[PDB]
Amino acid sequence: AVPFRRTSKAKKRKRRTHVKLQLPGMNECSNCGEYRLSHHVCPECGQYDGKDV
Amino acid sequence: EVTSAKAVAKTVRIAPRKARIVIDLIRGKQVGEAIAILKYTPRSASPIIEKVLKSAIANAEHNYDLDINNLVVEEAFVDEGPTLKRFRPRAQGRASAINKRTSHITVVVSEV
Amino acid sequence: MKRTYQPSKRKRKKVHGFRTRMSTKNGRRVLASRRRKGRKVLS
Amino acid sequence: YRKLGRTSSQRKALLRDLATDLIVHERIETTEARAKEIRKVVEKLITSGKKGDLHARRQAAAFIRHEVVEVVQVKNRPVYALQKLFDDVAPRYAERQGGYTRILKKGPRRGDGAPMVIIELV
RNA sequence: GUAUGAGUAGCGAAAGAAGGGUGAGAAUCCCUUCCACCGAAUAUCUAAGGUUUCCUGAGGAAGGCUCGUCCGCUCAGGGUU
RNA sequence: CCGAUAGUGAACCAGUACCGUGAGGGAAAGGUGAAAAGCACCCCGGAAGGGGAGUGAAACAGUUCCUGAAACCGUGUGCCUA
RNA sequence: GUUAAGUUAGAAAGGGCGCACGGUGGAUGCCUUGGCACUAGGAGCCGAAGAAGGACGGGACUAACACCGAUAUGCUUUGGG
Ligand SMILES: [Mg+2]
Ligand SMILES: [Mg+2]
Ligand SMILES: [Mg+2]
Ligand SMILES: [Mg+2]
Ligand SMILES: [Mg+2]
Ligand SMILES: [Mg+2]
Ligand SMILES: [Mg+2]
Ligand SMILES: [Mg+2]
Ligand SMILES: [Mg+2]
Ligand SMILES: [Mg+2]
Ligand SMILES: [Mg+2]
Ligand SMILES: [Mg+2]
Ligand SMILES: [Mg+2]
Ligand SMILES: [Mg+2]
Ligand SMILES: [Mg+2]
Ligand SMILES: [Mg+2]
Ligand SMILES: [Mg+2]
Ligand SMILES: [Mg+2]
Ligand SMILES: [Mg+2]
Ligand SMILES: [Mg+2]
Ligand SMILES: [Mg+2]
Ligand SMILES: [Mg+2]
Ligand SMILES: [Mg+2]
Ligand SMILES: [Mg+2]
Ligand SMILES: [Mg+2]
Ligand SMILES: [Mg+2]
Ligand SMILES: [Mg+2]
Ligand SMILES: [Mg+2]
Ligand SMILES: [Mg+2]
Ligand SMILES: [Mg+2]
Ligand SMILES: [Mg+2]
Ligand SMILES: [Mg+2]
Ligand SMILES: [Mg+2]
Ligand SMILES: [Mg+2]
Ligand SMILES: [Mg+2]
Ligand SMILES: [Zn+2]
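Each value, and the rule that gives it
- Residues numbered from 1 in each chain as written, not as in the entry; some residues may be left out.
- Chains lettered and ligands numbered in written order.
- Part of a larger assembly, values for the part shown.
- Heavy atoms only, no water.
- Residues with missing side-chain atoms left out of burial classes, pairs and counts.
- Pairing = 2+ DSSP bridges.
- Helix = DSSP H or I, 4+ residues; strand = E, 2+ residues; numbered from the N terminus.
- Axes fitted to C-alpha atoms, helices over the stretch in contact; angles between N-to-C directions.
- Core = buried A, V, L, I, M, F, W, Y, C linked by side-chain atoms within 4.5 Å.
- Buried < 20%, exposed > 50% of the residue type's maximum accessible area, 1.4 Å probe, protein only.
- Contact = heavy atoms within 4.5 Å.
- Donors = N, O, S within 2.8 Å, 3.2 Å for Na, K, Ca; no water.
- Tetrahedral: all angles 85-135°; square planar, octahedral: opposite > 155°, others 65-115°.

What the entry reports as its method is cryo-EM, with 3.1 Å given for the resolution.

Q: Break down the sheet that holds strand β2 (residues 71-80) of chain B for me, citing the residues and quoting the values.
A: Residue and element names in this part refer to chain B. Within the open sheet, the 3 strands sit side by side as β1-β5-β2. Their pairing is antiparallel. The sheet is open, and its two borders are formed by β1 (4-12) and β2, each paired with just one other strand. Between one strand axis and the next, the sheet turns through 15° on average, direction left out of account. Note: β2 against strand β5 (residues 103-111), 9 bridges, orientation antiparallel.

Q: Please give an account of the nonpolar core that cites residues and values.
A: Membership of the largest hydrophobic core comes to 35 residues, with the highest contact counts inside it found for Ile26(B), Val31(B), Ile49(B), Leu53(B), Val73(B) and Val109(B). Secondary structure elements with two or more residues in this core: β1, α1 (16-23), α2 (31-39), α3 (46-62), β2 and β5 of chain B. When near neighbours in sequence (up to four residues on either side) are disregarded, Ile49(B) contacts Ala19(B), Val22(B), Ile23(B), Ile26(B), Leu38(B) and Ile105(B). Grouped together as the second largest cluster of nonpolar side chains are 27 residues, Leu14(D), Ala19(D), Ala35(D) and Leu82(D) included.

Q: Tell me about the coordination of the zinc ion (ligand 36), residues and numbers included.
A: Around a metal, the ideal angle is 109.5 degrees if four donors adopt a tetrahedral arrangement and 90 or 180 degrees if six donors adopt an octahedral arrangement. Residue and element names in this part refer to chain A. The zinc ion (ligand 36) binds to the protein through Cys29 (SG), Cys32 (SG), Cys42 (SG) and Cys45 (SG), with metal-donor distances spanning 2.3 Å. Note that the zinc ion (ligand 36) binds 4 donor atoms; their angles at the metal cover 92 to 122°, and the shape is tetrahedral. Sequence positions of the donors to the zinc ion (ligand 36) reduce to the motif C-x2-C-x9-C-x2-C. Placement of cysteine 32 in the loop between β1 (26-28) and β2 (35-37) and of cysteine 42 in the segment after β2 is noted, with a sequence separation of 10 residues between them. For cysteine 32, a relative accessible area of 30% puts it in the partly exposed group.

See the structure below:
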């Protein structure tokens, strides 16, 4: 339950191939014309589907 | 003359490995789009990288008179800084080291 | 668990005090050797 | 149904608090997975208001909490939550069949990244 | 001095919810209502021990196993008849 | 004879901090510049921290500040790799 | 132009080698405020007229070092400058 050999820089870098994080699924609001997440209420112009919640 | 502007943040209290994971998203993108990316990524390093990128934009137009609408991000990297060394009391009278690591963040913006 | 050190003001002064050191031939040797090192506190 | 990270006793005591705040304030702020469960217990509670029987009133009185929504200057008569449900909220939806609530997504919370929503009563 | 194990083990018995407020920033600070826990105690005094931890006004570098606008933390004044 | 792991334990508020009930044990820690002339002023920020401007022979000398190797951590790229 | 047989390029989720530019860290070089070993000369004791060693105090602001002792960051006199 204890490592036998130390991990090289190659193997320590190969394992982190999948330790990245994805790009957010943003979009563009029609009214305020700035970036926004899909299916979410627009934070600044404070509206959704053009209703001004 | 001057084609690019930079800004750094010396000795920010965040581990370099945790801030290096958000930098990889905004490398090579336009400043308008990159700002939105850091807004919708729910990590703790977003408010710090966002505040550095905006500063590099600010002195890219006040000092060198560039265009805010025609900028990209070409250089973005995180360096290590002076770590703080602490201890945590474990069982049976022993102690264990804890490293409170800092970082330096650099963002460079330029025309395209 | 009951640990070894149970503090008390009177019990400390009447065993390791100064006037306890000065009332012995070997006690006065302890102050003499602590002055040689120039220690800040005696007894 | 779904658990909410709490035992059976604490789950019931939590659905009764949230379902009452949505009646009193008509607009609250919960997490996404927590707002998808008081959606069911509120609409099933408006339905008892669209009947108006004493039997239905006594059944809903076993779920609503007991706090004063607001004081009405008739001589002061405090108004309770059960009166608001059976005299105000219920007559509003006399024509709509189902779906007295809507859920609107907001975005992650700073402390723990929880996904927050707005759940309204319209 | 710096690595590997690795963003892995752990985050030290416990019920919280919503609405207002302050704030650059709030699950964690203040106020209100509801709910829950102890009750020969998880209540009220007083010894030993500690030695300023006690009050007011400011602060968020470090300490707080997270956050903090808060603190038994930092600064400056007070307080024991 | 030594030149900051050396020379006294101590070149620096050292028998100090810390450890122990007590006798007792006992460290780490030097260097901006010739001269503070220690960065009026403008911009991003709550601040920290930066980018210009200025002093200086030098700011890649900016309150662990002469020189700044190696381990260790990154960014870009010429050749190779499922 | 279709079919059949055959031959050969290219790729990078990531990685290796070379180079360029940085960060951390504090070696090395230069330096000396401090030490070590001796030579020549001097001196080899202080105290009931209260010692060696300390506690507490004295400054306009004083936490610490150094100096002094309710005559307390100094008093008198004799010489130097
Ligand atoms: Mg042990
Ligand atoms: Mg123990
Ligand atoms: Mg005894
Ligand atoms: Mg039960
Ligand atoms: Mg280390
Ligand atoms: Mg594992
Ligand atoms: Mg596992
Ligand atoms: Mg706990
Ligand atoms: Mg709120
Ligand atoms: Mg009970
Ligand atoms: Mg006492
Ligand atoms: Mg207090
Ligand atoms: Mg913290
Ligand atoms: Mg305090
Ligand atoms: Mg030495
Ligand atoms: Mg050296
Ligand atoms: Mg002690
Ligand atoms: Mg000098
Ligand atoms: Mg500057
Ligand atoms: Mg400002
Ligand atoms: Mg500044
Ligand atoms: Mg300059
Ligand atoms: Mg010049
Ligand atoms: Mg030079
Ligand atoms: Mg020069
Ligand atoms: Mg020089
Ligand atoms: Mg240097
Ligand atoms: Mg190197
Ligand atoms: Mg490749
Ligand atoms: Mg000498
Ligand atoms: Mg003699
Ligand atoms: Mg006389
Ligand atoms: Mg003194
Ligand atoms: Mg003083
Ligand atoms: Mg004179
Ligand atoms: Zn919008």
